[PDB]
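Worksheet for the structure shown next.
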There are 2 protein chains.
Amino acid sequence: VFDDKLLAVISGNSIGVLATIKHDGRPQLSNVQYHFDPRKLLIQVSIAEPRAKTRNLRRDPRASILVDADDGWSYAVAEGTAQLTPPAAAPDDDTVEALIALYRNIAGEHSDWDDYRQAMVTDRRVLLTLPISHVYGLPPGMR
Amino acid sequence: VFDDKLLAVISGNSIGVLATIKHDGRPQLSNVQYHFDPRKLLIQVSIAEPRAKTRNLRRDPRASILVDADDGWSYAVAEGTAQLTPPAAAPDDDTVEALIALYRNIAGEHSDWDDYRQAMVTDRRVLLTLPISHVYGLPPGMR
Ligand SMILES: Cc1cc2nc3c(=O)[nH]c(=O)nc-3n(C[C@H](O)[C@H](O)[C@H](O)COP(=O)(O)O)c2cc1C
């Protein structure tokens with residue numbers, strides 16, 4: 001039941017710190033917006049192919065994400081192995097579809113889906129699906 | 001030469017996400033308090049002596065700390081090779097004396113130093129010094 005406390009932190013937020021592994025083995029850090037699927041215990045995020053974090057995950061898919069509790073001090077960290085889609089290549093391909101689904105979960109119903117599809121392709125957007133294999137941290141009550 | 005806008009972020013905060021390298025190569029994350037010396041350009045944090053997977057810090061001290069800005073997405077990341085003191089073993093050893101100065105830098109004059117001293121020994125506290133090698137991130141704008 002202790003993991004339920006760590007999952008709750010992840011569920012109560014939409015932004016976290018994604019840590020990837022550089023070519024030299026050193027950690028690389030950045031923040032990302034995300035959607036947490038409690039059903040499959042997945043964390044879904046959108047990223048760009050040319051970005052460092054993306055090139056890192058292509059060589060080494062291991063990833064972790066730290067998320068702060070609402071007190072801004074307590075936290076939970078999800079660790080797992082990323083599953084990336086190829087980059088959007090056409091406004092109607094499967095990657096763009098999964099990204100349309102994510103956007104709905106993050107921001108809601110987009111206004112100009114056609115413009116969105118165009119943008120996903122222009123930015124070579126990739127959907128990062130990170131199944132949670134292990135969670136650690138210091139959830140509220142422990143800090 | 002680092003981006004002054006990125007250093008301002010670090011100097012305007014006191015907590016961030018520390019990332020060290022575990023044995024398997026995965027980063028180990030946590031929310032920590034830090035002190036930033038803007039002249040010597042270094043960051044100092046207090047940590048229990050690492051055990052198990054986290055112990056790898058002793059042979060591969062490369063670390064990074066991400067610090068959040070006050071706006072929506074801005075953040076800075078300080079990268080460097082950490083130097084570690086030996087773990088605190090005596091309420092009055094060099095390490096504890098060093099952690100007292102760290103506490104003063106971060107919080108100020110402590111109520112009861114004798115409690116602090118024994119607490120440092122009890123947690124096998126180590127003073128980690130991260131001289132800044134590289135600084136990256138997303139700089140905040142005029143606000
Ligand atoms: C207006 C705005 C919207 C953003 N939206 C997202 C987003 O939807 N998802 C995400 O993961 N990051 C988002 N970001 C931030 C980037 O992910 C972040 O700056 C990035 O991690 C750079 O990574 P890199 O250093 O690995 O290239 C946004 C930033 C801004 C300024």
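For ligands, and for the atoms within them, numbers begin at 1 and follow the listed sequence. The sequence lines fix the lettering, A, B, ..., with proteins before strands; numbering per chain opens at 1. Any value given below was found using the heavy atoms of this structure, including those in side chains, with hydrogens, waters and symmetry copies removed.
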Next on the checklist: Pairing donors with acceptors under 3.5 angstrom, does anything connect the side chains of B:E79 and B:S133?
Outcome noted: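 There is no such pair (donor and acceptor under 3.5 Å, judged by atom type) between the side chains of B:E79 and B:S133.
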Next on the checklist: Looking at B:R58 and B:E49, is any side-chain nitrogen of the basic one under 4.0 Å from a carboxylate oxygen of the acidic one?
Outcome noted: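 Yes, charged N to carboxylate O under 4.0 Å.
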Next on the checklist: Strictly below 4.0 Å, N to O, side chains only: are A:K22 and A:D24 in salt-bridge contact?
Outcome noted: no
Item to check | B:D92 atom CG: more than 12 heavy-atom contacts under 6.0 Å | outcome: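 More than 12 within 6.0 Å, yes.
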Checklist entry - More than 12 foreign heavy atoms under 6.0 Å from CG of A:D70: is that the case here? => result no
Next on the checklist: Can you list, by chain and residue number, the hydrophobic cluster partners of B:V121 when the side-chain cut-off is 4.5 Å?
Outcome noted: B:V96, B:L99, B:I100, B:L102, B:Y103, B:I106, B:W113, B:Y116, B:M120, B:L127
Which protein N or O atoms sit under 3.5 Å from any N or O of ligand 1? Give each pair with its distance.
unit_1	atom_1	unit_2	atom_2	d
ligand 1	8 (O)	A:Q33	NE2	3.0
ligand 1	11 (O)	A:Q33	N	3.4
ligand 1	11 (O)	A:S46	O	3.1
ligand 1	17 (O)	A:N31	O	3.3
ligand 1	17 (O)	A:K53	NZ	3.0
ligand 1	21 (O)	A:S30	OG	3.3
ligand 1	21 (O)	A:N31	O	3.4
ligand 1	21 (O)	A:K53	NZ	2.5
ligand 1	26 (O)	A:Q28	OE1	3.0
ligand 1	26 (O)	A:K53	N	3.1
ligand 1	27 (O)	A:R51	NE	3.0
ligand 1	27 (O)	A:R51	NH1	3.3

